[PDB]
Amino acid sequence: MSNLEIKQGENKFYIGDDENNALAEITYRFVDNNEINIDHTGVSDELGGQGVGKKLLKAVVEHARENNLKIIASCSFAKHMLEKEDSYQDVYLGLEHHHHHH
Ligand SMILES: CC(=O)SCCNC(=O)CCNC(=O)[C@H](O)C(C)(C)COP(=O)(O)OP(=O)(O)OC[C@H]1O[C@@H](n2cnc3c(N)ncnc32)[C@H](O)[C@@H]1OP(=O)(O)O
Numbered sequence: 001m002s003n004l005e006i007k008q009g010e011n012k013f014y015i016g017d018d019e020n021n022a023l024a025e026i027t028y029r030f031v032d033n034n035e036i037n038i039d040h041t042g043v044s045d046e047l048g049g050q051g052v053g054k055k056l057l058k059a060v061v062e063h064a065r066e067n068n069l070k071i072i073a074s075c076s077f078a079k080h081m082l083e084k085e086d087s088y089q090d091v092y093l094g095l096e097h098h099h100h101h102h
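So in our numbering, the last one in the sequence shown is 102, and the numbering has no gaps at all.
Shown next as structure tokens:
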């Protein structure tokens with residue numbers, strides 16, 4: 001362990017002791033032009049402070065709004081996080097047509 005600093009990698013964000021010993025890692029990719037897709041998101045269950053995932057997603061959303069990027073997630077985990085945080089449903093394509101859930 002060292003510090004919970006947001007480490008940047010190959011189009012990804014992670015926090016941990018080392019690249020391999022990452023506590024929380026979130027990856028994204030540019031599918032078209034300004035749309036970033038989040039498919040992989042893994043956090044250590046045997047940690048305790050699982051709130052790190054919130055900061056990781058927040059950092060992506062915050063930066064997305066700055067460059068007017070569009071957020072899309074194939075990751076069932078990250079997607080649900082965006083569903084929870086209505087505040088992130090501005091850059092995230094959560095507004096398709098039906099909304100809510102049903
Ligand atoms: C679909 C994916 O990419 S996840 C599977 C791939 N991941 C890997 O390679 C490693 C596997 N390990 C993991 O990913 C971990 O077990 C995790 C990330 C799934 C566990 O999640 P946590 O780090 O505990 O996140 P945690 O739930 O505590 O907090 C973030 C949000 O996740 C949401 N969440 C919890 N469970 C789920 C779930 N089963 N599916 C979607 N979202 C969930 C919660 O709403 C939570 O929000 P809250 O803090 O307001 O309550």
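Beta carbons are placed, not taken as given, at the ideal position from N, Cα and C, and that holds for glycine.
1. My understanding is that residue 60 touches residue 52, with C-beta atoms under 8 Å, so please give their C-beta distance in whole angstroms.
2. Decide yes or no for the touch test of the region 62 to 78 against the region 27 to 37: beta carbon pairs closer than 8 Å, at least 3 of them.
3. How would you label residue 81, buried or exposed, when you count the other beta carbons within 10 angstroms and need 16 or more for buried?
4. Using the C-alpha atoms, what's the distance from residue 25 back to residue 3?
5. Rounded to whole angstroms, what's the CA-CA distance from residue 22 to residue 15? Just pull it up for me.
6. Please identify the residue among 57, 33 and 99 whose C-alpha is closest to the C-alpha of residue 27.
On the basis of the supplied data:
1. About 13 Å; that fails the 8 Å criterion.
2. Taking 8 Å as the limit for Cβ pairs, the verdict is that the region 27 to 37 does touch the region 62 to 78.
3. So residue 81 counts as buried.
4. Spanning the two alpha carbons is a distance of roughly 15 Å.
5. Straight-line Cα distance between these residues: approximately 6 Å.
6. Here the closest residue by C-alpha is 57.
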